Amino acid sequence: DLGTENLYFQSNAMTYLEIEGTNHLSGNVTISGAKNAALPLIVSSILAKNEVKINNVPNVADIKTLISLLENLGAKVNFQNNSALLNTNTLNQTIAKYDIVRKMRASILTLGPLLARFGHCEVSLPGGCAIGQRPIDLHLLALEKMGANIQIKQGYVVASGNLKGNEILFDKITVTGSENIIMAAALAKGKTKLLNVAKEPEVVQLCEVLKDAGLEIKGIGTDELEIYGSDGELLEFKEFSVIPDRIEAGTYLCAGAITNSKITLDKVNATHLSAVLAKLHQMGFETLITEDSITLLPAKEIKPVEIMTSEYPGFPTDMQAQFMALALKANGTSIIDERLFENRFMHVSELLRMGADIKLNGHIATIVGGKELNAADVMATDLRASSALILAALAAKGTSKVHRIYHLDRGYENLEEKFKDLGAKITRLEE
């Protein structure tokens, strides 16, 4: 999911965003291709005997890193105008100790395809693996069910053996684990049956592409897949476009709502935002869909909302912060119920400095909307929190300053240009 280290804290070379508030918005914003779909779709070219064409690919750091890793392993690549060309005919793995760190982070997606196609694969134990403990993120248990022999012998995890189909149960709903095992099953011998499979549109596209490429797969879109493996034979890929970034789209919608403004989104799929559109409706905003486009209409009054995060197709945790920001304008008390898994409320402290009335009680945030928000100097954290602070700034009185935008820039390309075209008064300055 993430392609580099904790460079967030390195604030010697850095920039920040200055945003003036209380400006009505207007116009159109084109939604980019989903970063989380593109990553597994690029890793999937490991399964293609021919040239793979992929369109609507966001030009972000993680995409570039992945492409460069495949080049280092022999793949012939090209990437321009959000379109990539992949050919893994010459792909070969390198000696366990070559591109060490790059291969360790990408192993959550590449481990499966590489072990399946090439019969073996080595990944380095991260720092923090006490004698014995194997990485639980890799789905090592899953691959063992498919006949893989796994061992820890020189500071690395060494997987080997020919993969065969089997019934595999996911201990928890995992987007990357699903994608990693879907690609392993694709080349294994015989039929694989996956249970408790993530239903996210990103997983669905992966399956659709493989199906379109000749693989027998049933249950697409459900939590239970049946895959008839090609028994080592690579597939004939066909050109396709990466799906629109539903989170990015959700965030532009909240920008239109929090400023209580008419705006329109292009190159967007409403079917992937069901839960989000329903909540915007619960808050008084009418939605209007015309295939690849969505238009948001202002509300008479912004009404409070109750949100509980869950796995797709429920309300996405990746939109929780943007809705907390919008709930600040609602005429009444809102409630947001989150999962105690990876902070998730990093944006709260910074909103308090903008005069927000927010109280945390364990995993549940109570928002008392109505107060006028005041501008402030805020420190952004993850992508999620970063989106929320920009939204709050657009509705607050005065000029705000959003610092530490490292996670935001690695998540979205031309972010200023899009807000600028919608009429927002945003400018980047040197820290």
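Residue numbers run from 1 along the displayed sequence.
Taking the mean C-alpha B-factor of each stretch as recorded, 190 to 198 and 276 to 284 are not equal, and the higher mean is that of 276 to 284. As recorded in the PDB entry, 327 to 335 is the stretch of 327 to 335 and 245 to 253 with the greater mean C-alpha temperature factor.
The entry assigns its greatest Cα B factor, within the set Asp357, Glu208, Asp99, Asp223, to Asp99.
Highest CA B-factor among the listed residues (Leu125, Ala116, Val203, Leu352): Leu125.
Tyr312: CA B factor lies in the lowest third for its chain, per the PDB record.
Annotation for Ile168: C-alpha temperature factor in the lowest third relative to the rest of the modelled chain, per the entry. Among the modelled residues of its chain, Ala385 has a C-alpha B-factor that falls in the middle third according to the deposited record. Among the modelled residues of the chain, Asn269 sits in the middle third by CA temperature factor in this PDB entry. For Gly27, the recorded CA B-factor ranks within the highest third of the chain. Only modelled residues enter the ranking.
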